[PDB]
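This report concerns only the one structure given below.
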Amino acid sequence: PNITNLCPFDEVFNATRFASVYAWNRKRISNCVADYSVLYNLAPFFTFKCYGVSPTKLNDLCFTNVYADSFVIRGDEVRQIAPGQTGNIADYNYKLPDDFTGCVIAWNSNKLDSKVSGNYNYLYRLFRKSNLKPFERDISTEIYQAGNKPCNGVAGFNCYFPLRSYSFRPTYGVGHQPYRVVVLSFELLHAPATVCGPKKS
Amino acid sequence: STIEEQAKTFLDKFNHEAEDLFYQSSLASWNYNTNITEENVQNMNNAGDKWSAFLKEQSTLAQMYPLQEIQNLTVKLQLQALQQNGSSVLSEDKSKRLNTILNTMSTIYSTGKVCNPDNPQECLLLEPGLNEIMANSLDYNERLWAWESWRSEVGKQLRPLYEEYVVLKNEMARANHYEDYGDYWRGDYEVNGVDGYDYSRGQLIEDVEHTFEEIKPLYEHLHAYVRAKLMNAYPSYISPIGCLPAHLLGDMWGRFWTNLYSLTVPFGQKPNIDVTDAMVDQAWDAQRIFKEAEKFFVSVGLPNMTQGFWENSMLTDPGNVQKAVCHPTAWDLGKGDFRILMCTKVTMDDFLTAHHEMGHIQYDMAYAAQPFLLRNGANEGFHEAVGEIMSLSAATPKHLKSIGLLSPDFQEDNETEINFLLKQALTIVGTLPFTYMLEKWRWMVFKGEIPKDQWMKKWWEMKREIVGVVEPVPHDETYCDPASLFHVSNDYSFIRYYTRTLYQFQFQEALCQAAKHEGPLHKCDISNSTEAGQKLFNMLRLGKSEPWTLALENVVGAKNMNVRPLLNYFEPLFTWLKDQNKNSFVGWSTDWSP
Ligand SMILES: *[C@@H]1O[C@H](CO)[C@@H](O)[C@H](O)[C@H]1NC(C)=O
Ligand SMILES: *[C@@H]1O[C@H](CO)[C@@H](O)[C@H](O)[C@H]1NC(C)=O
Ligand SMILES: *[C@@H]1O[C@H](CO)[C@@H](O)[C@H](O)[C@H]1NC(C)=O
Ligand SMILES: *[C@@H]1O[C@H](CO)[C@@H](O)[C@H](O)[C@H]1NC(C)=O
Ligand SMILES: *[C@@H]1O[C@H](CO)[C@@H](O)[C@H](O)[C@H]1NC(C)=O
């Protein structure tokens with residue numbers, strides 16, 4: 001390692017405008033600076049939930065292939081991100097396999113998203129077919145047929161629009177304020193393996 | 001699938017949209033209440049129009065799914081609540097006629113003015129001048145003059161107007177397959193679909209009148225005692241054997257009995273408890289009052305209330321730069337927002353009302369997890385009782401001793417118990433029969449089974465034979481005296497008071513018996529009892545997803561209203577009255593004529 005060969009993977013923890021939940025942003029990391037003890041020392045970040053491997057011993061194992069994930073959700077559903085729970089978002093917006101090995105980070109965005117007029121620029125899918133596959137992205141806004149009946153994607157009755165809109169404001173209490181969430185995952189040993197950091201012998 | 005999944009998805013979409021629009025309208029209303037401007041009035045009109053249009057469209061959309069083949073219960077309850085359009089069945093002509101007639105009600109009440117001839121240019125309104133000339137005087141001539149004059153020009157204006165109102169309400173009831181508008185009011189107590197918990201719309205009148213028949217002797221004895229006190233005080237005007245005319249009850253229409261407290265106390269030399277002196281000598285303010293209130297609430301077991309309240313609250317009036325109403329209210333906003341609006345003044349009743357409103361906010365916060373439609377109490381009586389439990393509990397001298405306000409030098413004996421129970425009885429048993437009377441009257445007048453041209457004569461007779469109050473002067477058929485109340489003019493349910501009074505005592509007995517605070521009933525403290533708080537919350541969380549009988553079962557174990565807790569609360573006072581007032585004449589004579 002050197003390591004002043006920086007790569008812009010720390011911008012996902014400090015950005016200007018996060019994406020929606022249906023268009024969750026997927027990123028690849030390789031041959032980078034593998035500094036992760038600094039992330040644990042960042043006080044403003046609050047929710048540090050790891051399920052796959054040891055958090056304090058996350059740096060022990062070299063990360064051959066790293067995937068980063070970014071989006072924003074509502075306050076209540078940060079608990080639904082944990083594997084093994086069904087309902088909205090967890091089944092209609094984004095899925096996490098039970099055997100998934102990685103970590104999830106969440107923090108508050110009360111002062112970076114609020115607006116006196118109400119922010120309506122964040123959307124989420126409310127309707128979907130039987131299920132979304134784990135680690136898959138659905139963008140299309142095809143008119144959701146509901147149950148049965150000859151409602152061939154017209155409007156109004158029975159058939160419903162899948163993508164609904166969020167609403168965020170300053171006067172909301174805890175449980176409705178926006179929460180910015182990122183996910184870190186990794187996979188092993190395919191193409192000559194690239195990065196791992198502070199193996200301070 | 002079948003229409004079950006259709007109803008589920010439609011209810012989900014409605015929940016989201018209604019939540020957003022309701023939050024918008026409620027936040028606008030709060031902003032107007034904090035600061036009054038004409039543009040805020042325009043915003044009020046816009047938000048109300050949007051909410052009305054959305055409700056109409058969503059109800060018309062929901063009217064498609066029939067209720068016959070639905071097997072769930074919560075979905076069926078939500079669809080039953082939403083499907084009822086309301087006033088949409090009537091044509092636009094009678095709809096706007098109803099809107100205008102309610103406008104006439106509001107104008108003739110809020111702007112209704114009877115002006116003193118002494119100062120025709122600057123005089124008193126219905127409040128507070130009429131109250132202070134009716135309840136703060138001794139001479140009977142001006143008292144009877146005001147009593148006659150208040151309805152001398154107000155009752156005349158509304159009798160044909162009220163006839164139009166009642167016939168239009170009858171048409172309203174007919175349009176929705178209801179026998180009478182009284183059935184429409186009673187429908188809040190109706191539950192179906194559950195075996196053993198079924199409640200019809202008929203049994204309410206029977207069990208309410210049975211409870212009143214049970215409670216009648218205590219009210220009769222208290223009325224006889226007050227009459228004897230009046231005779232021993234001022235016998236120069238009232239016949240020694242005649243009944244009690246209403247104009248001597250202090251209130252203009254005869255609702256409460258508290259303002260007679262100056263001429264009722266038996267223990268005159270004994271000083272009543274008053275913590276205001278120590279309240280001001282220790283520099284108490286609203287912030288500390290609410291701090292100790294939430295400390296008491298977390299002592300009971302309920303969780304501490306939201307932190308966003310503290311930086312989004314208006315407790316102390318910010319001078320006179322802005323003008324706003326400071327009437328104490330608790331506002332539910334949704335999306336984790338609850339607020340309290342009150343102007344803080346240093347008096348014990350303000351302490352009790354602060355506890356009351358904090359309890360109201362607690363009950364509102366309880367059922368946030370329920371869907372939007374089911375975010376309400378089991379009926380129209382749970383809110384007031386579950387708020388007044390803490391008000392009743394915090395008034396005990398033991399609680400004042402514990403909190404550190406009252407000096408422990410105060411001794412506890414039978415005299416203070418008698419005084420406290422006299423005050424509470426004057427508060428409660430003087431308003432129970434009036435509430436029952438008014439509700440029963442509106443019930444059989446909205447059923448339309450009674451004749452028309454001697455309403456006043458029948459009403460006075462059936463008041464005299466039940467409440468034992470005789471009119472001072474005869475009244476003709478053009479008068480509309482029972483319309484002087486605020487509630488009857490603005491179409492409000494008045495039966496919630498009887499239910500609240502019974503339910504609060506039921507709650508108190510069932511929560512002190514499990515609290516194991518042995519002693520008198522009125523010396524029960526809910527604080528420092530986690531089991532009582534858990535027992536309260538196991539029902540206080542439901543909201544209205546389950547029948548009200550199932551709710552009352554989980555905390556009390558009884559399936560209906562029972563007078564026994566109320567008789568237990570006044571047991572010491574009842575014993576005192578029976579032992580002391582045996583020599584005094586009891587009951588009202590049936591042969592008295594004015
Ligand atoms: C973004 O904010 C965090 C807050 O702890 C800080 O640690 C980080 O250095 C910031 N990003 C940059 C590029 O400075
Ligand atoms: C209240 O409204 C008045 C008049 O519109 C304005 O002068 C004042 O600044 C307002 N105060 C607040 C706190 O909004
Ligand atoms: C009604 O639907 C709700 C939806 O969550 C479900 O939890 C409940 O079990 C259903 N009850 C019946 C009786 O179908
Ligand atoms: C939580 O409750 C405690 C009492 O148990 C109280 O002192 C504290 O102020 C409450 N939390 C907040 C944020 O008010
Ligand atoms: C309740 O418990 C607190 C905690 O010590 C105590 O200070 C208070 O005096 C107790 N009050 C009663 C009525 O037991």
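How things are named: the first chain in the structure tokens is A, the next is B, and so on; residues count from 1 in each chain; ligands count from 1 in the order shown.
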Counting only C-alpha atoms, which residues from chain B have an atom at most 7 Å from any atom of chain A, and could you show them as a PyMOL selection string? chain B and resi 1+308+335-337
Surrounding residues of residue A:15 excluding itself and chain neighbours under 3 positions, 12 Å, only C-alpha atoms, as a PyMOL selection string: chain A and resi 8-12+18-19+70-71+109+112+180+182
Nearest to ligand 4, chosen from B:30, B:372, B:184, B:296, with only C-alpha atoms and all ligand atoms counted in the distances: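 Between B:30, B:372, B:184, B:296, the residue approaching ligand 4 most closely is B:296.
With only C-alpha atoms as the atoms that count, the minimum distance from residue A:183 to the choices A:102, A:55, A:134, A:87 is reached by A:102.
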Name each residue within 9 Å of ligand 5, counting only C-alpha atoms and all ligand atoms, as a list in words. residues 296, 299, 300, 398, 399, 401, 402, 403, 404, 525, 526, 527, 528 and 529 of chain B
So which residues are near ligand 4, meaning at most 9 Å away with only C-alpha atoms and all ligand atoms counted, given back as a list in words?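 Taking only C-alpha atoms and all ligand atoms into account, the residues around ligand 4 at most 9 Å away are residues 291, 294, 295, 296, 297, 298, 299, 303, 304, 305, 306, 307, 308 and 310 of chain B.
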What does the list of residues within 7 Å of ligand 1 look like if you count only C-alpha atoms and all ligand atoms, written as a ChimeraX atom specification? /A:10-11,13-14,42-45
Around ligand 2, at most 7 Å away and counting only C-alpha atoms and all ligand atoms, which residues are there? Put them as number ranges by chain, please. B: 35-37, 322
Site check for ligand 3: residues at most 9 Å away, only C-alpha atoms and all ligand atoms, as a list in words: residues 8, 70, 71, 72, 73, 74, 75 and 76 of chain B
Which of B:472, B:405, B:352, B:439 sits closest to residue B:237 [using only C-alpha atoms]: B:472
Exercise: residue A:137 partners within 8 Å, only C-alpha atoms, chain neighbours under 2 positions left out, as a list in words: residues 22, 23, 24, 94, 135 and 139 of chain A
Within 12 Å of residue B:406, counting only C-alpha atoms, which residues qualify if same-chain residues fewer than 5 places away don't, as a ChimeraX atom specification? /B:273-279,281-282,395-401,411
Could you write those residues out with N, CA and C atoms, as an mmCIF file, in the first residue's frame?
data_model
loop_
_atom_site.group_PDB
_atom_site.id
_atom_site.type_symbol
_atom_site.label_atom_id
_atom_site.label_comp_id
_atom_site.auth_asym_id
_atom_site.auth_seq_id
_atom_site.Cartn_x
_atom_site.Cartn_y
_atom_site.Cartn_z
ATOM 1 N N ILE B 273 -57.871 23.961 51.181
ATOM 2 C CA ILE B 273 -56.487 23.927 50.730
ATOM 3 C C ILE B 273 -56.298 24.888 49.564
ATOM 4 N N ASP B 274 -55.194 25.633 49.592
ATOM 5 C CA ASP B 274 -54.885 26.596 48.538
ATOM 6 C C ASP B 274 -53.371 26.684 48.414
ATOM 7 N N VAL B 275 -52.833 26.148 47.317
ATOM 8 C CA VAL B 275 -51.394 26.098 47.101
ATOM 9 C C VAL B 275 -50.887 27.304 46.316
ATOM 10 N N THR B 276 -51.773 28.238 45.960
ATOM 11 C CA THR B 276 -51.362 29.388 45.159
ATOM 12 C C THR B 276 -50.345 30.248 45.898
ATOM 13 N N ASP B 277 -50.506 30.395 47.216
ATOM 14 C CA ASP B 277 -49.570 31.202 47.992
ATOM 15 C C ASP B 277 -48.160 30.629 47.918
ATOM 16 N N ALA B 278 -48.024 29.319 48.135
ATOM 17 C CA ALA B 278 -46.720 28.684 47.996
ATOM 18 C C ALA B 278 -46.285 28.621 46.538
ATOM 19 N N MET B 279 -47.244 28.578 45.612
ATOM 20 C CA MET B 279 -46.904 28.576 44.194
ATOM 21 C C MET B 279 -46.215 29.875 43.793
ATOM 22 N N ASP B 281 -44.877 32.124 46.066
ATOM 23 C CA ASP B 281 -43.744 32.389 46.942
ATOM 24 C C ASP B 281 -42.500 31.601 46.557
ATOM 25 N N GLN B 282 -42.619 30.625 45.658
ATOM 26 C CA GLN B 282 -41.483 29.832 45.206
ATOM 27 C C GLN B 282 -41.155 30.064 43.736
ATOM 28 N N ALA B 395 -55.425 16.049 42.601
ATOM 29 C CA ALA B 395 -56.032 16.996 43.527
ATOM 30 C C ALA B 395 -56.032 16.501 44.967
ATOM 31 N N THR B 396 -55.546 15.290 45.217
ATOM 32 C CA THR B 396 -55.521 14.764 46.573
ATOM 33 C C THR B 396 -54.446 15.470 47.397
ATOM 34 N N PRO B 397 -54.707 15.738 48.678
ATOM 35 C CA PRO B 397 -53.673 16.364 49.516
ATOM 36 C C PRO B 397 -52.416 15.526 49.643
ATOM 37 N N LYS B 398 -52.525 14.202 49.519
ATOM 38 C CA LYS B 398 -51.340 13.355 49.598
ATOM 39 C C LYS B 398 -50.372 13.654 48.461
ATOM 40 N N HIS B 399 -50.895 13.857 47.249
ATOM 41 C CA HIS B 399 -50.031 14.181 46.119
ATOM 42 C C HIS B 399 -49.344 15.525 46.318
ATOM 43 N N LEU B 400 -50.072 16.512 46.843
ATOM 44 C CA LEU B 400 -49.468 17.813 47.116
ATOM 45 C C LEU B 400 -48.397 17.703 48.193
ATOM 46 N N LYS B 401 -48.625 16.852 49.195
ATOM 47 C CA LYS B 401 -47.599 16.595 50.199
ATOM 48 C C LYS B 401 -46.365 15.957 49.573
ATOM 49 N N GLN B 411 -52.720 18.540 58.685
ATOM 50 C CA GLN B 411 -53.231 17.269 59.166
ATOM 51 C C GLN B 411 -54.395 16.814 58.293
#
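Closest approach to residue B:565 among B:234, B:503, B:212, B:537: B:503, based on only C-alpha atoms.
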Rank A:79, A:133, A:17, A:28 by their smallest atom-to-atom distance to residue A:49, using only C-alpha atoms, and report the top residue only.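 Residue with the minimum atom-to-atom distance to residue A:49: A:79.
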Looking only at helix (DSSP H, G or I) from DSSP on the backbone, list the matching residues of stretch 3-189 of chain A as an MDAnalysis selection string. chainID A and resid 11:13 37:40 75:78 110:113
Output file for the residues above (N, CA and C atoms, as a PDB file, in the first residue's frame):
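Saved the output as out_25.pdb:
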ATOM      1  N   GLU A  11     -17.052  10.313  -1.141  1.00  0.00           N
ATOM      2  CA  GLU A  11     -18.071  11.305  -1.457  1.00  0.00           C
ATOM      3  C   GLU A  11     -19.478  10.786  -1.198  1.00  0.00           C
ATOM      4  N   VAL A  12     -19.667   9.464  -1.170  1.00  0.00           N
ATOM      5  CA  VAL A  12     -20.993   8.916  -0.919  1.00  0.00           C
ATOM      6  C   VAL A  12     -21.429   9.134   0.523  1.00  0.00           C
ATOM      7  N   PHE A  13     -20.488   9.343   1.443  1.00  0.00           N
ATOM      8  CA  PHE A  13     -20.820   9.685   2.819  1.00  0.00           C
ATOM      9  C   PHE A  13     -20.924  11.186   3.043  1.00  0.00           C
ATOM     10  N   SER A  37     -11.314   2.660   9.556  1.00  0.00           N
ATOM     11  CA  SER A  37     -11.361   3.076  10.952  1.00  0.00           C
ATOM     12  C   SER A  37     -11.793   4.531  11.083  1.00  0.00           C
ATOM     13  N   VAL A  38     -11.550   5.341  10.050  1.00  0.00           N
ATOM     14  CA  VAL A  38     -11.995   6.730  10.071  1.00  0.00           C
ATOM     15  C   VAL A  38     -13.517   6.807  10.037  1.00  0.00           C
ATOM     16  N   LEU A  39     -14.161   5.879   9.325  1.00  0.00           N
ATOM     17  CA  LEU A  39     -15.618   5.897   9.226  1.00  0.00           C
ATOM     18  C   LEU A  39     -16.269   5.672  10.585  1.00  0.00           C
ATOM     19  N   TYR A  40     -15.719   4.751  11.379  1.00  0.00           N
ATOM     20  CA  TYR A  40     -16.245   4.497  12.715  1.00  0.00           C
ATOM     21  C   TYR A  40     -16.081   5.703  13.632  1.00  0.00           C
ATOM     22  N   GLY A  75     -37.980   7.496   8.300  1.00  0.00           N
ATOM     23  CA  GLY A  75     -37.354   7.129   9.561  1.00  0.00           C
ATOM     24  C   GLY A  75     -37.717   5.747  10.074  1.00  0.00           C
ATOM     25  N   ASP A  76     -38.975   5.332   9.902  1.00  0.00           N
ATOM     26  CA  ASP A  76     -39.415   4.063  10.477  1.00  0.00           C
ATOM     27  C   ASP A  76     -38.782   2.856   9.800  1.00  0.00           C
ATOM     28  N   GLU A  77     -38.527   2.933   8.498  1.00  0.00           N
ATOM     29  CA  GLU A  77     -38.129   1.761   7.731  1.00  0.00           C
ATOM     30  C   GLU A  77     -36.637   1.469   7.793  1.00  0.00           C
ATOM     31  N   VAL A  78     -35.858   2.251   8.545  1.00  0.00           N
ATOM     32  CA  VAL A  78     -34.457   1.896   8.753  1.00  0.00           C
ATOM     33  C   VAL A  78     -34.353   0.558   9.470  1.00  0.00           C
ATOM     34  N   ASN A 110     -32.170  16.082   8.690  1.00  0.00           N
ATOM     35  CA  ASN A 110     -33.224  17.023   9.054  1.00  0.00           C
ATOM     36  C   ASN A 110     -32.987  18.396   8.436  1.00  0.00           C
ATOM     37  N   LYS A 111     -31.750  18.884   8.488  1.00  0.00           N
ATOM     38  CA  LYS A 111     -31.424  20.229   8.038  1.00  0.00           C
ATOM     39  C   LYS A 111     -30.936  20.282   6.596  1.00  0.00           C
ATOM     40  N   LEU A 112     -30.791  19.138   5.934  1.00  0.00           N
ATOM     41  CA  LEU A 112     -30.313  19.094   4.559  1.00  0.00           C
ATOM     42  C   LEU A 112     -31.402  18.736   3.560  1.00  0.00           C
ATOM     43  N   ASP A 113     -32.627  18.490   4.022  1.00  0.00           N
ATOM     44  CA  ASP A 113     -33.712  18.090   3.141  1.00  0.00           C
ATOM     45  C   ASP A 113     -34.997  18.864   3.402  1.00  0.00           C
TER      46      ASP A 113
END
One number please: atom CA of residue B:515 to atom CA of residue B:302, in Å, one decimal.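 Between these atoms lies a distance of 15.3 Å.
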